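Asks: model22.json is the file, holding JSON, C-alpha atoms:
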[["chain", "number", "residue", "atom", "x", "y", "z"],
["A", 1, "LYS", "CA", 72.50, 109.88, 144.92],
["A", 2, "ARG", "CA", 70.76, 111.18, 148.04],
["A", 3, "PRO", "CA", 68.31, 108.30, 148.74],
["A", 4, "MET", "CA", 71.09, 105.74, 148.54],
["A", 5, "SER", "CA", 73.52, 107.68, 150.74],
["A", 6, "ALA", "CA", 70.82, 108.38, 153.35],
["A", 7, "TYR", "CA", 69.95, 104.68, 153.48],
["A", 8, "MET", "CA", 73.61, 103.61, 153.63],
["A", 9, "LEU", "CA", 74.39, 105.92, 156.58],
["A", 10, "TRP", "CA", 71.33, 104.64, 158.46],
["A", 11, "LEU", "CA", 71.97, 100.96, 157.80],
["A", 12, "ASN", "CA", 75.65, 101.09, 158.71],
["A", 13, "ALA", "CA", 74.73, 102.79, 161.98],
["A", 14, "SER", "CA", 71.94, 100.27, 162.66],
["A", 15, "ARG", "CA", 73.24, 96.97, 161.27],
["A", 16, "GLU", "CA", 74.68, 95.64, 164.52],
["A", 17, "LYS", "CA", 71.47, 96.15, 166.52],
["A", 18, "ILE", "CA", 69.28, 94.74, 163.74],
["A", 19, "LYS", "CA", 71.50, 91.66, 163.47],
["A", 20, "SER", "CA", 71.59, 91.25, 167.27],
["A", 21, "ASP", "CA", 67.77, 91.22, 167.32],
["A", 22, "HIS", "CA", 67.71, 88.63, 164.48],
["A", 23, "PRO", "CA", 70.29, 85.97, 165.40],
["A", 24, "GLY", "CA", 71.22, 83.77, 162.46],
["A", 25, "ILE", "CA", 69.62, 86.03, 159.84],
["A", 26, "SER", "CA", 71.01, 85.35, 156.37],
["A", 27, "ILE", "CA", 72.70, 87.95, 154.17],
["A", 28, "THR", "CA", 69.69, 88.01, 151.86],
["A", 29, "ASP", "CA", 67.10, 88.17, 154.64],
["A", 30, "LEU", "CA", 68.97, 90.97, 156.38],
["A", 31, "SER", "CA", 68.87, 93.00, 153.15],
["A", 32, "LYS", "CA", 65.10, 92.45, 153.02],
["A", 33, "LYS", "CA", 64.58, 93.13, 156.74],
["A", 34, "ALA", "CA", 66.46, 96.43, 156.52],
["A", 35, "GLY", "CA", 64.34, 97.47, 153.55],
["A", 36, "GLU", "CA", 61.17, 96.84, 155.55],
["A", 37, "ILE", "CA", 62.44, 98.77, 158.59],
["A", 38, "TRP", "CA", 63.33, 101.74, 156.38],
["A", 39, "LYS", "CA", 59.89, 101.77, 154.72],
["A", 40, "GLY", "CA", 58.32, 101.70, 158.19],
["A", 41, "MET", "CA", 60.34, 104.65, 159.45],
["A", 42, "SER", "CA", 58.69, 108.06, 159.42],
["A", 43, "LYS", "CA", 59.25, 110.51, 156.57],
["A", 44, "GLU", "CA", 60.94, 112.88, 159.04],
["A", 45, "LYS", "CA", 63.44, 110.32, 160.33],
["A", 46, "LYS", "CA", 64.45, 109.41, 156.79],
["A", 47, "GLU", "CA", 64.88, 113.11, 155.96],
["A", 48, "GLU", "CA", 67.15, 113.32, 159.01],
["A", 49, "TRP", "CA", 69.43, 110.65, 157.52],
["A", 50, "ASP", "CA", 69.44, 112.51, 154.20],
["A", 51, "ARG", "CA", 70.50, 115.67, 156.04],
["A", 52, "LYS", "CA", 73.37, 113.80, 157.72],
["A", 53, "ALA", "CA", 74.48, 112.32, 154.40],
["A", 54, "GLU", "CA", 74.34, 115.71, 152.67],
["A", 55, "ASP", "CA", 76.48, 117.15, 155.47],
["A", 56, "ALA", "CA", 79.03, 114.35, 154.98],
["A", 57, "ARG", "CA", 78.99, 114.79, 151.19],
["A", 58, "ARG", "CA", 79.63, 118.52, 151.56],
["A", 59, "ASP", "CA", 82.48, 117.78, 153.98],
["A", 60, "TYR", "CA", 83.98, 115.25, 151.56],
["A", 61, "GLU", "CA", 83.79, 117.66, 148.62],
["A", 62, "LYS", "CA", 85.45, 120.40, 150.70],
["A", 63, "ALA", "CA", 88.22, 118.07, 151.84],
["A", 64, "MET", "CA", 88.76, 116.91, 148.25],
["A", 65, "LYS", "CA", 89.27, 120.55, 147.23],
["A", 66, "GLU", "CA", 91.99, 120.67, 149.89],
["A", 67, "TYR", "CA", 93.48, 117.41, 148.55],
["A", 68, "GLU", "CA", 93.48, 118.55, 144.91]]
Is it possible to give me this structure as C-alpha coordinates?

Replies:
Amino acid sequence: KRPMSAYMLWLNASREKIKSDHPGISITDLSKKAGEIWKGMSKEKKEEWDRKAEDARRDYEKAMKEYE
(Lines of atoms letter the chains of each structure in order from A and count residues from 1; the text may use other names and numbers.)
(Lines give C-alpha, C1' and ligand atoms only; values in the text may rest on other atoms or scores of the structure.)
Protein backbone atom coordinates (compact mmCIF):
# COMPACT_ATOMS: atom_id res chain seq x y z
CA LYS A 1 0.00 0.00 0.00
CA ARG A 2 1.02 3.64 -0.45
CA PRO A 3 2.16 4.51 3.11
CA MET A 4 4.42 1.47 3.24
CA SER A 5 5.97 2.03 -0.19
CA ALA A 6 6.56 5.74 0.52
CA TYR A 7 8.30 4.85 3.79
CA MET A 8 10.36 2.07 2.18
CA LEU A 9 11.67 4.35 -0.60
CA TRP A 10 12.61 7.02 1.94
CA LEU A 11 14.32 4.66 4.38
CA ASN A 12 16.32 2.83 1.72
CA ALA A 13 17.56 6.18 0.42
CA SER A 14 18.35 7.41 3.94
CA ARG A 15 19.55 4.31 5.81
CA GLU A 16 23.26 4.82 5.22
CA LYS A 17 23.30 8.41 6.53
CA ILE A 18 21.11 7.55 9.53
CA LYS A 19 23.39 4.63 10.42
CA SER A 20 26.52 6.76 9.91
CA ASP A 21 25.14 9.32 12.39
CA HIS A 22 24.34 6.52 14.90
CA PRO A 23 27.43 4.27 15.02
CA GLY A 24 26.72 0.91 16.62
CA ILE A 25 22.92 1.29 16.50
CA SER A 26 21.18 -2.07 16.79
CA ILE A 27 18.76 -3.48 14.22
CA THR A 28 15.84 -2.89 16.58
CA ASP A 29 16.90 0.62 17.58
CA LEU A 30 17.43 1.63 13.96
CA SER A 31 13.86 0.52 13.17
CA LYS A 32 12.63 2.72 16.03
CA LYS A 33 14.90 5.67 15.13
CA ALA A 34 13.69 5.64 11.53
CA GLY A 35 10.07 5.64 12.71
CA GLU A 36 10.74 8.73 14.82
CA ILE A 37 12.50 10.58 11.98
CA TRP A 38 9.57 9.84 9.65
CA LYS A 39 7.01 11.10 12.18
CA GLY A 40 9.08 14.28 12.56
CA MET A 41 9.22 14.94 8.83
CA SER A 42 6.77 17.44 7.38
CA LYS A 43 3.51 16.31 5.78
CA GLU A 44 4.75 17.70 2.45
CA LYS A 45 8.05 15.78 2.47
CA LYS A 46 6.22 12.53 3.19
CA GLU A 47 3.78 13.27 0.34
CA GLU A 48 6.84 13.74 -1.88
CA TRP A 49 7.99 10.19 -1.08
CA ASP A 50 4.48 8.89 -1.81
CA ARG A 51 4.60 10.64 -5.19
CA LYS A 52 7.95 9.00 -5.98
CA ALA A 53 6.63 5.59 -4.95
CA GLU A 54 3.46 6.01 -7.02
CA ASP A 55 5.63 6.92 -10.02
CA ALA A 56 7.71 3.77 -9.50
CA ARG A 57 4.58 1.62 -9.05
CA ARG A 58 3.12 2.97 -12.29
CA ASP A 59 6.42 2.27 -14.06
CA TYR A 60 6.50 -1.28 -12.69
CA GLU A 61 2.92 -1.98 -13.77
CA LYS A 62 3.65 -0.65 -17.27
CA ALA A 63 6.80 -2.75 -17.56
CA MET A 64 4.90 -5.82 -16.35
CA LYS A 65 2.38 -5.28 -19.15
CA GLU A 66 5.36 -5.39 -21.53
CA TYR A 67 6.64 -8.57 -19.82
CA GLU A 68 3.27 -10.36 -19.94

Asks: From the options A:1, A:24, A:42, A:13, which residue's atoms come nearest to residue 57 in chain A, counting all atoms listed in the file?

Replies: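 For residue 57 in chain A, the nearest of the given residues is A:1.
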
Asks: Skipping near chain neighbours, those fewer than 4 positions away, what residues fall within 12 Å of residue 4 in chain A using all atoms listed in the file, listed as an NGL selection string?

Replies: :A and (8-11 or 35 or 38 or 46 or 49-50 or 53-54)

Asks: In Å, how far is it from CA of residue 20 in chain A to CA of residue 55 in chain A?

Replies: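 Those two atoms sit 28.9 Å apart.
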
Asks: I'd like the interatomic distance between CA of residue 3 in chain A and CA of residue 61 in chain A, to a tenth of an Å.

Replies: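 Between these atoms lies a distance of 18.1 Å.
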
Asks: Just give me the gap between CA of residue 6 in chain A and CA of residue 26 in chain A in Å, one decimal is fine.

Replies: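 These atoms are spaced 23.2 Å apart.
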
Asks: Here is a test: counting all atoms listed in the file, which residue of A:22, A:58, A:7, A:28 is nearest to residue 41 in chain A?

Replies: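 Going through A:22, A:58, A:7, A:28 one by one, the smallest distance to residue 41 in chain A is for A:7.
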
Asks: Around all of range 45-59 of chain A's listed atoms, make the axis-aligned box with 8 Å on each side and tell me centre and edge lengths in Å to one decimal, as AutoDock Vina command-line options.

Replies:
--center_x 73.0 --center_y 114.0 --center_z 155.8 --size_x 35.0 --size_y 25.1 --size_z 25.1

Asks: Go through A:45, A:62, A:51, A:17 one by one, measure the shortest atom-to-atom distance of each to residue 30 in chain A using all atoms listed in the file, and give the residue with the smallest value.

Replies: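 That would be A:17, the residue with the smallest distance to residue 30 in chain A.
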
Asks: Choose the residue, out of A:18, A:44, A:56, A:2, that has the smallest atom-to-atom separation from residue 32 in chain A; count all atoms listed in the file.

Replies: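 Smallest separation from residue 32 in chain A among the options: A:18.
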
Asks: Tell me which of A:60, A:39, A:33, A:5 sits closest to residue 21 in chain A, counting only C-alpha atoms.

Replies: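 Between A:60, A:39, A:33, A:5, the residue approaching residue 21 in chain A most closely is A:33.
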